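Novice: Shown below is the structure under consideration.
Just so you know, all these numbers are worked out from the coordinates, no wet-lab data involved. Because the Cβ atoms are built from the backbone with ideal geometry, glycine has one as well, and the counts that use them run over all protein chains shown.
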Amino acid sequence: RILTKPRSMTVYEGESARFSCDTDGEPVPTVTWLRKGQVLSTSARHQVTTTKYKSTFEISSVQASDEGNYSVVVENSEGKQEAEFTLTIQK
């Protein structure tokens with residue numbers, strides 16, 4: 001149920017940008033990073049990565065086609081939620 005949401009910021013390009021949230025489930029919930037960025041989930045220049053009870057979205061080598069405003073829709077065997085933030089990049 002969204003134990004904790006990630007933060008936000010504005011990086012330059014492949015500088016840092018690190019995100020990490022937490023979510024309960026039954027058992028183990030599911031996450032869906034997405035924000036006009038191809039559901040993030042490591043789809044090109046991103047570096048997402050979920051874990052047992054906590055996920056993490058990392059942005060590296062981000063070109064001029066990722067922008068920040070990134071959210072995370074996390075569901076569960078019998079639940080549904082989401083979060084949102086924004087990690088831009090001054091290419």
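Novice: Jot down the per residue volume, in cubic angstrom and as a whole number, of the convex hull over the alpha-carbon atoms of the chain. Walk me through the intermediate numbers first.
Specialist: Numbers: hull volume 6.3 nm³, N = 91.
Dividing the Cα hull volume of the chain by its residue count gives 70 Å³.
Novice: For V62, which sequence-distant residues (separation of 5 or more, or a different chain) have an amide H within less than 5 Å of its own amide H, given hydrogens modelled in the peptide plane?
Specialist: Excluding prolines and chain starts, which carry no amide H, the hits are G14.
Novice: Which cross-chain or sequence-distant (5 or more) residues have an amide H under 5 Å from the amide H of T56, H modelled 1.01 Å from N in plane?
Specialist: Sorted by chain and number, the residues that satisfy this are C21, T49, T50, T51.
Novice: Filter the GluC sites (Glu not before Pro) in the range 1-85 down to the DSSP loop ones having no more than 14 other Cβ atoms within 10 Å, then list what survives. Could the numbers behind the result be given before it?
Specialist: Values: sites: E13, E15, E58, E67, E75, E78, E82, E84; in loops: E13, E15, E67, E78.
Listed in order of number, the matching sites are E15, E67, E78.
Novice: A follow-up question, please. What are the residues whose amide H is under 5 Å from the amide H of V73, where those residues sit 5 or more places off or on another chain and H is modelled from the backbone?
Specialist: Hits under the 5 Å cutoff: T32, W33, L34, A83.
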